[PDB]
Amino acid sequence: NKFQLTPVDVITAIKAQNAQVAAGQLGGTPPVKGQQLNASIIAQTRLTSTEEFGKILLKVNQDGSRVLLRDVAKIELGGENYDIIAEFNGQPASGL
Amino acid sequence: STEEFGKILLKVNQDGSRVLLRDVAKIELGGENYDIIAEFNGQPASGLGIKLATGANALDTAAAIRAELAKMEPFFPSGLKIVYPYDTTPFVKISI
Amino acid sequence: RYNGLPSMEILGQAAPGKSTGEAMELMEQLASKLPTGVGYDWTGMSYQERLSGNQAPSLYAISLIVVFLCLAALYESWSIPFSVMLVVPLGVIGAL
Amino acid sequence: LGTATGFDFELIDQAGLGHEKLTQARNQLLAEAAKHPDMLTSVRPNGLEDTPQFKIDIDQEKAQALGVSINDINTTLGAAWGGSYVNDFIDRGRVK
Amino acid sequence: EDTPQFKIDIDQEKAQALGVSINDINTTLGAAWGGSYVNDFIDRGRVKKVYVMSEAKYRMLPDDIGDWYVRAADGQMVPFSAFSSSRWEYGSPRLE
Amino acid sequence: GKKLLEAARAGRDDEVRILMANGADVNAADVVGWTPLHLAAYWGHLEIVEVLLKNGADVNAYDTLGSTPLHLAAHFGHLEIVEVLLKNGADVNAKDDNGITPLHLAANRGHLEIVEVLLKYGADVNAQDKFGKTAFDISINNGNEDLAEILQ
Amino acid sequence: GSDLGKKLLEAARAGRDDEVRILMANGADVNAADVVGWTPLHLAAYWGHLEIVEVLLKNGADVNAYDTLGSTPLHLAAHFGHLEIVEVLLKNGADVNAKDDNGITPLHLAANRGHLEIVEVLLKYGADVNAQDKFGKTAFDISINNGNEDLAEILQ
Amino acid sequence: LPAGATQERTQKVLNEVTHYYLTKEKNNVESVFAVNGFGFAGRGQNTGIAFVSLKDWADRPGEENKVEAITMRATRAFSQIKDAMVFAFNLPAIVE
Amino acid sequence: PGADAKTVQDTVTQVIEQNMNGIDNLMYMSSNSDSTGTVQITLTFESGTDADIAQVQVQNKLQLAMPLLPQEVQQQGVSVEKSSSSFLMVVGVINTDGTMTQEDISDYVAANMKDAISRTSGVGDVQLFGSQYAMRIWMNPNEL
Amino acid sequence: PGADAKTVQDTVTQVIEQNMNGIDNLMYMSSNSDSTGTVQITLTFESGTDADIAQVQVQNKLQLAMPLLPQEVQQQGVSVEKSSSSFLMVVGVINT
């Protein structure tokens, strides 16, 4: 609310900045005959860490100040869901 | 046709002149991809690399392929000819 | 469409006194005079008719041979079976 | 088992002929069939004949000049005249 | 073995500042250098694909990257060199 | 020269002198403008970086996007190579076509010891890239508080 | 709708010449029209049956009959590139400059399909080269929009 | 060929391979079907395959004219092709 | 299309693989993801496995993964085949009057020959050595 | 819904037909597309084919062609059924 953002803005920024883009090739087929170079173009790749997700850019202010994802949320590795908790003889456990 | 694609109207300039697709692109019939180019004894060719379904009889499937091709040949464009550069099948029949 | 190609289904029958197989052979003959690139095929009953008609002779012969072999065993004789087999028209004529 | 009377014949567009040229070839074969009443009877199409249809051309230029999107035009035409499945509702516990 | 690849970083902040959407940027890069399957058309009665892609001579060289332009929200054409940077690195062409 | 580019990449430190004893071009460049020094720096082959320099390899050779071997060593956290390259006169403030310096690359990947060595050899902390960002700007953006304070 | 009128619409469409011949002797309405306002002349013109066009015209067919959207047989013949039918209709008084409900003319239609000989025949019979459809387009506009250089040259 | 290699260089190697069979195995090979851009690996610029068909066994008298000797000679000849991996091989009795 | 190997792997291969479970008689699974934009996942079964059922089970799991795939991958068509790895035969096509190019022959084959060969019983897989035609729009950045 | 026959054929029927590969014991395939907005494609298999396997193979090839069909056709769904079965009885329900 303080930055005038919503979960919709948050979701948009993550879709945009946690992307894995197919970006084509230099010297791919059909080429100009004589081409020496054939190389993949690599653009955005998936984020891999809480640090990368945190510095996702939501917006720059009128003032030039930055609003990052870590400024409106806590970022951490955690379960897809938190519904199942197991113990083995009273001790924390997991299982199959 | 290429002609129809060429006259796709991208936009109308403020002076009313038209921007057609042929104005920003070359239009041609061409391959879905340009990676696979084949020759037969040094001349231009195409072909079908055929793999046998799991457990199917090789000799039977080959005959069936031959019979299907036979149906196509009478309707070929002039000059078109089937050739048989690589067949694992004759050796089964012949050696038996 | 038939087997992936544009098609048109045509029904008909043999004129009285004629066999469908004969009527089919004519259709094949008229078909061979159509404009370049027009083909044809038999389906449904005609498909069943054709491959069914190519067995009959082999099946009738196998029947004939086995009947004779059984009779020859029964009578311990290659010739006496003939005296039984000759009865076939005697009943068939009544049926007809 | 179906009709199982007479024959069932498929005329096939083996090249790029198209609907009209295949109709002409069909008519050609049907006329020739009719010249042999002695061998063929009731040789006829199993399908339907072409009929008048109402061709409407959207003028892209005039739409672009009026600020009318094609999607609106085409969705207006098809929803109104063809009808459109929007989504589902629940009628006394059944999805409809 | 690993080979050289052309790594390009989209500067999210610069892009937001100029008002060029990341979707436009990625479609633009991908369509030109990678090719994009748009939709289908009919070629001599057979349904086939339509591909948009850069002409060969504009996707052979690394400097070509900056010759491509995206339209910002304010309607300004912005060259790729304004919101991106690139470097050579090594990568795998076949991951097992 | 092609064999040297390959030997350099493989770390075959023995093969490298054998070819240079046969007078292979130490500044032989591949299709993207990488020299044997670029490749040794990249895959962390200290021995070969050392042998290449001693045989007159251009310490400031740049590839077709203006990136130097110091860019590569700094980016990939090869401390020793960074030191060796700086000793042999590598341009500590070298800019690639994007205006990105070795300091930028080291900062971005949190290579603290590398940043320090770069600073020692006089890297310009005020250096901006094509987007007006410094090493400091990067540290703040990345939330690297350790590095951000070192850049003070 | 006539008994023989309907039979004639079908025969003309099918190009059954001998049948049309018999139908003419018997007085089958040449002005018979189907639901969309097409006459036998319309049908013969569309499907390009030249002799039937001629027979119908000898027998009092309206050369300038228009359908429910205002199209004539000359429109159809021009559009589907039946040159000799086009010539016959013109010789028998077809309005070379007939406009359909869209303001489209036979010249428009022939140019749109790249039919040069038919365009020439139509210009020869006085086709108005400057005629505009409901969108202000001329046959010439169509030609250069279609990227047809030959056609454009013809229309200057 | 190594990843990074162009379709043009792959064609050059393919020509050397095709050449070798057409000139040095005249007595033994009936046909060569060579494919640029296809290998067991996958549709790459840097890969290809040659399908060789031999004359009938009866015309290839002696061990030096059987597939094992032919493929050894070929693989040795091709061993001297630069910057490419090229080898001929008889497929085993049962692949698997 | 246009994807590098890592993009193929992390966006397609890994997703499909993580859905490969509860498949009977599976001995092992291998895959390639290459910078052609292509992925191939091969599931190998115990001898005597019914190949029909193997295919059915593999696809039942695949369809759970399909919605999770990039739209451009779904639109290229994902396929599931049960074939030998080696070629049974290669059918070649040429033009003896030389009045058709390589491209021409390939389109002809693809457009007129390949589908009926593909539907023939016993034919596990057909590789076209060439490409079918597409409408190729070759863009010019300057004019754009 | 609301589609003419050519629309149905060229956006539904041809796409599905082109994906009917790798299915076992198929004799032939046939389809029609009409202006009630409807397509039916019938695949007929060799006598003795397990009808269940035949159906599941067809439906699985279809399942993978769905993404290629228009949205509104995906919305309606596409049914795969054994059609060579007949009615035990028909119960009419009327209101008097």
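Atoms considered below: every heavy atom in the structure, side chains included; atoms not considered: hydrogens, waters and symmetry mates. Lettering follows sequence order; numbering is per chain, from 1.
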Of the listed residues ([options]), which shares the most heavy-atom pairs with chain B below a 4.5 Å separation?
options: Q127(I), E143(I), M100(I), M139(I); result: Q127(I)
options: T120(I), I137(I), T101(I); result: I137(I)
options: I117(I), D104(I), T36(I), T99(I); result: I117(I)
options: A51(I), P1(I), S106(I), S121(I); result: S106(I)
options: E81(I), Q55(I), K114(I), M89(I); result: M89(I)
options: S118(I), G124(I), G122(I), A54(I); result: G122(I)

Closest heavy-atom pair and its distance - [X], [Y]:
X: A110(I); Y: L128(I); value: CB-CD2, 3.5 Å
X: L69(B); Y: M113(I); value: CD2-CE, 4.0 Å
X: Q102(I); Y: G130(I); value: OE1-CA, 3.9 Å
X: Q74(I); Y: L69(I); value: NE2-O, 2.9 Å
X: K61(I); Y: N21(I); value: CE-O, 2.9 Å
X: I105(I); Y: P44(B); value: CD1-O, 4.2 Å

Proximity breakdown for [X] and chain B, heavy-atom pairs closer than 4.5 Å:
X: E103(I); answer: neither
X: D107(I); answer: neither
X: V123(I); answer: both
X: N112(I); answer: backbone

Proximal component of [X], with respect to chain I [non-hydrogen, under 4.5 Å]:
X: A62(B); value: both
X: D23(B); value: backbone
X: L21(B); value: side chain
X: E28(B); value: both

Under a 4.5 Å heavy-atom cutoff, which of [options] has the most pairs with chain I?
options: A45(B), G6(B), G55(B); answer: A45(B)
options: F76(B), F75(B), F40(B); answer: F76(B)
options: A56(B), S78(B), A64(B); answer: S78(B)
options: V83(B), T61(B), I27(B), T88(B); answer: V83(B)
options: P85(B), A67(B), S1(B); answer: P85(B)
options: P77(B), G30(B), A25(B); answer: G30(B)

If you measure from [atom1] on [X] to [atom2] on [Y], what distance do you get to the nearest 0.5 Å?
X: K82(I); Y: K51(B); atom1: NZ; atom2: NZ; value: 14.0 Å
X: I36(B); Y: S131(I); atom1: CD1; atom2: OG; value: 7.5 Å
X: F45(I); Y: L26(I); atom1: CZ; atom2: CG; value: 5.5 Å
X: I41(I); Y: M20(I); atom1: CD1; atom2: CE; value: 6.5 Å
X: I53(I); Y: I23(I); atom1: CD1; atom2: CD1; value: 12.5 Å

Open item on the list: Run the side chain to side chain donor-acceptor pair (under 3.5 Å) test on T13(I) and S31(I) for me, step by step, so that the C-alpha distance in whole Å, both residues' side-chain angles and the decisive distance to 0.1 Å come before the verdict.
Closed with: CA-CA 8 Å; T13(I) 314; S31(I) 67; 5.3 Å; no
